[PDB]
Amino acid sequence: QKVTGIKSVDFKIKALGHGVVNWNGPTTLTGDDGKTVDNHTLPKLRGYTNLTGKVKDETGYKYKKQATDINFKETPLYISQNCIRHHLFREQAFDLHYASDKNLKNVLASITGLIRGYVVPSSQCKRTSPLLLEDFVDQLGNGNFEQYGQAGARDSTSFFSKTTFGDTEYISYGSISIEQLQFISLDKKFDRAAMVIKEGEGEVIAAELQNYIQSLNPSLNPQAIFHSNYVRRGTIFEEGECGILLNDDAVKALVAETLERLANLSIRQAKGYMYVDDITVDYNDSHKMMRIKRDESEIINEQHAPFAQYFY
């Protein structure tokens, strides 16, 4: 049967800032003189390449661009999605290194186990992130070659340079996947085992899920129900896993928690900053995905229906 309800929570983020917060590193470039400069650091540029053309066959050397030859409309500034995710969950950046089979209980009952996803070292336990983020792509392009130096030194190793930026305005799109968010596989059948379990542990784990999700919004009534065989709704498949499914209120809490963190996101890094200015949400119950991207008018800001239920 057709799956109905909210499939995914789409959104379009507009951030503001000043300067580069996510750097790419030193690149081999040539100056206005023709000689190659060693250390000129470049930020992350969409589709940028520091090569122009080839040279004679018996050398194979590739000609390098000038450090001042960049078009921020063709190759704009952006913040890697890898950096954005790092700061959305910055408080738990090192926790996964201390995650093991024993304490995996605590990794799950948390924003990292539910939203970030996670991996368990030396284990086959996983959980794919239900949050999907693009890169934050600048719209203003106020970049330019900036020369740097060191006081009290004139030698060649004293002077460095960078491609720096002034005011920035990023735009990005994302989606919260309900299919990934509401179900939690505890079965090694499909290699999705969020954790290895003994019989009877299904009900206790749901309570800890329940407790933590309840602690996100006490005004709501979440529900985490374990079952030995959860099967997907609309498939031609008759095989399921033992897992945990959150009711509609539990899902309403996690979605609202992530949207808040995205709304309050801010990055201070590399002597530059960036904060999330505006965020536009779409509770997509239609068949077309990323409706917010192609057509911004068919958007529905407030939750107008129950979230889709993907498992029996």
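Counting begins at 1, following the sequence as shown.
Averaged over Cα atoms, the B-factor as recorded in the entry is higher for 51-59 than for the other of 51-59 and 259-267. Stretches compared: 42-50, 247-255. Higher mean C-alpha B-factor in the entry: 247-255. Of the candidates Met195, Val137, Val107, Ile84, the one whose C-alpha carries the top B factor in the deposited record is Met195.
Out of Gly149, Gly234, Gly113, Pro76, it is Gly234 whose C-alpha atom has the highest B-factor in the PDB entry. Looking at the C-alpha B-factors along this chain, the one for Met289 belongs to the highest third. Annotation for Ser297: CA B-factor lies in the highest third of the chain's modelled residues.
The PDB entry assigns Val37 a C-alpha temperature factor belonging to the highest third of its chain's modelled residues. Among all modelled residues in its chain, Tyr98 ranks in the middle third by Cα B-factor. In the deposited entry, the Cα temperature factor of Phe183 places it in the middle third of its chain's modelled residues.
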